[PDB]
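Residue numbers (the deposited numbering): 45 to 326, 353 to 527.
Cβ atoms here follow ideal geometry from the backbone N, Cα and C, with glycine treated the same way.
Single-structure report; data block below.
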Amino acid sequence: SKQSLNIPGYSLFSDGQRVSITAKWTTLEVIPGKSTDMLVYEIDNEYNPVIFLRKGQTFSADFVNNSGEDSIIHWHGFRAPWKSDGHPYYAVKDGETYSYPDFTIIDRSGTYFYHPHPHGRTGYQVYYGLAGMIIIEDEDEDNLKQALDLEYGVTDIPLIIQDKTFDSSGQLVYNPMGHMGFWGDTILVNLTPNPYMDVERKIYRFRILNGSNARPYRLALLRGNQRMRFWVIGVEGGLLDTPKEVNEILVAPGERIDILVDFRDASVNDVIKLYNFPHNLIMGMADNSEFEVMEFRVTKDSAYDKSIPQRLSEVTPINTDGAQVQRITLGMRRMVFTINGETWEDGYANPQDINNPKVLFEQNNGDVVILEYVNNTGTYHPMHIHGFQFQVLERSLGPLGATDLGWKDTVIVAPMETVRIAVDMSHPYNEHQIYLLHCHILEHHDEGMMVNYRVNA
Ligand SMILES: [Cu+2]
Ligand SMILES: [Cu+2]
Ligand SMILES: [Cu+2]
Ligand SMILES: [Cu+2]
């Protein structure tokens, strides 16, 4: 029987007062009638709530580690000073606390992602439950919410999509084999299996966050056999300039796509499938199958008469005049993935001085750099950088679609593809920054497909 979609609780992070976030084990009912032991972040008496922030506020956090092993939280998408970013060098032992130095939220409104980042164990800790959404608000978001009467949990809905495998008793199975990362046989949305959500004939906002270890989704909305239109309005780095109408989106681990859906396109009593088509991005456990993710049930009319806005935000093109190119070649050396022929374990893992570790490349504050990913392997890699968003300039396999527009922080690099992104490495901090660059297939990350880079003060 289909279950109604669970909606996460939320936490309004205090502006400047220190909030405790505890990682701990508990027992949850995920499969109806069975118990599953899972990790959770507990904040403000909620498990894995959506963290709400306002641009400009002070972000003041403590991580309390009861996860059973070294851990640290990373705020995926934040422009943060690197000692507050959740770099693995700062992971604290089990039972200890990490006090994040305060910083100001300077990111654009949109959907962000908090999750653990320990050396070699990130795939395990996300998989077993440590993952949640962040929503940052600013004036463009205020204006959009009023334009459309969007309300969190009512018409503004997180879709945290994840694949897991359960045994008979309900215990999770985490058995990565091969080099495609971990692939699960059960699709969950907000830890809800086989979900449905009742909707009215009006516009909803869905915040799709791929919280899976390795599996990408090619998502469409099926009204019978026909694809329904919908609109991309935001990506990892916030709102696009104006809405982009699509009939599918490709979403890899680490990517976030904000969409609007107008169920006035459907009729009362329609069942609309959020459906996964083959991603076509691929020793391994991967598949390329199609399957339903969840369904929307149109139960009721609404007096709703708002329109999709003509404009959302300003997105300023990066000026790449004179930018230097930094080639980043993805390869493999004896069944391990490499970045410019190296792994994390080739001199990055145990620096003598964590403030001055090995870096693959180094930039000055304000440099505009073009990173050119060259995937010389047979599997895709969703390449993510900490510290900055970026703009995708070009793909060798084709033109840019809606989910690569705007400000991004994770870019799919398909097998044998070359992708150029432009990074404006301007930051407001007064010390040099050590930021990660790595694959967001979490088993690749754990195996060392990760480097530091440096941006001076
Ligand atoms: Cu991440
Ligand atoms: Cu990140
Ligand atoms: Cu990878
Ligand atoms: Cu990371």
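- prompt: What are the uninterrupted segments assigned as beta strand (DSSP E) that are 3 or more residues long and contained completely in the segment 118-194, given in chain order?
  reply: 141-143, 154-160 and 176-181
- request: Return the CA-CA distance between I440 and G282, expressed in angstroms with no decimal places.
  value: 21 Å
message: Give me the DSSP bridge partner(s) of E362.
response: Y319
- prompt: Once you ignore the five residues that flank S153 on each side, which residues in its own chain have a CB closer than 7 Å to its CB?
  reply: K99, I180, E181, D182, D184, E185, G282 and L283
message: Given a cut-off of 7 Å on the beta-carbon distance, is the pair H508 and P452 in contact?
response: no
message: Report the start-end ranges of each beta strand (DSSP E) in the segment 213-274 that is 3 residues or longer and not cut off at the edges.
response: 230-233, 239-244, 247-254 and 261-267
task: Using only alpha-carbon positions, find the residue among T66, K317 and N92 that is nearest to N269.
output: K317
- prompt: Are the beta-carbon atoms belonging to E292 and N254 less than 7 Å from one another?
  reply: no
- prompt: What residues does ligand 2 have around it, judged by CB closer than 6 Å to any heavy atom, in chain order?
  reply: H118, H120, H454 and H456
query: What span of residues does the alpha helix (DSSP H) with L512 cover, start to end?
result: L512 to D516
query: Can you list the beta strand (DSSP E) stretches of 3 or more residues lying completely in the segment 382-419, in chain order?
result: 394-402 and 407-409
message: Checking 7 Å against the spacing of the C-beta atoms, do residue 38 and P162 come in under that value?
response: With the chain covering only 45 through 527, there is no way to say anything about residue 38.
- prompt: So, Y443 versus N522, is the Cβ gap smaller than 7 Å?
  reply: no
task: Decide if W227 is buried, meaning its Cβ has at least 16 other Cβ atoms within 10 Å, or exposed.
output: buried
- prompt: Would you say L318 touches ligand 4, meaning its beta carbon is less than 6 Å from a heavy atom?
  reply: no
C-alpha distance - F307 paired with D474, whole-angstrom precision: 25 Å
- request: Out of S311, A296, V305 and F57, state which residue places its alpha-carbon closest to the alpha-carbon of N324.
  value: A296
query: Do the segment 234-252 and the segment 201-213 meet, that is, are 3 or more Cβ pairs less than 8 Å apart?
result: yes
- prompt: When you compare each of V438, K370, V363 and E362 to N389 by their alpha carbons, which one comes out closest?
  reply: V438
query: When the Cα of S256 is compared with those of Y218, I504, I149 and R271, which residue comes out closest?
result: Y218
- request: Report the rounded CA-to-CA distance for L382 versus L174, giving the unit in angstroms.
  value: 32 Å
query: Near ligand 3, which residues have their beta-carbon less than 6 Å from any of its heavy atoms, given in chain order?
result: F407, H451, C509, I511, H514 and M519
message: So, does the segment 86-94 touch the segment 392-403, judging by three or more C-beta pairs under 8 Å?
response: no
Counted within 10 angstroms of its Cβ, other Cβ atoms place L235 as buried (16 or more) or exposed: buried
query: Are three or more beta carbon pairs between the segment 454-461 and the segment 488-499 nearer than 8 Å?
result: yes
- prompt: Taking all protein chains shown into account, do 16 or more other C-beta atoms lie within 10 angstroms of the C-beta of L192, making it buried, or fewer, making it exposed?
  reply: buried
- prompt: Does the Cβ-Cβ distance between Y240 and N320 come in under 7 Å?
  reply: no
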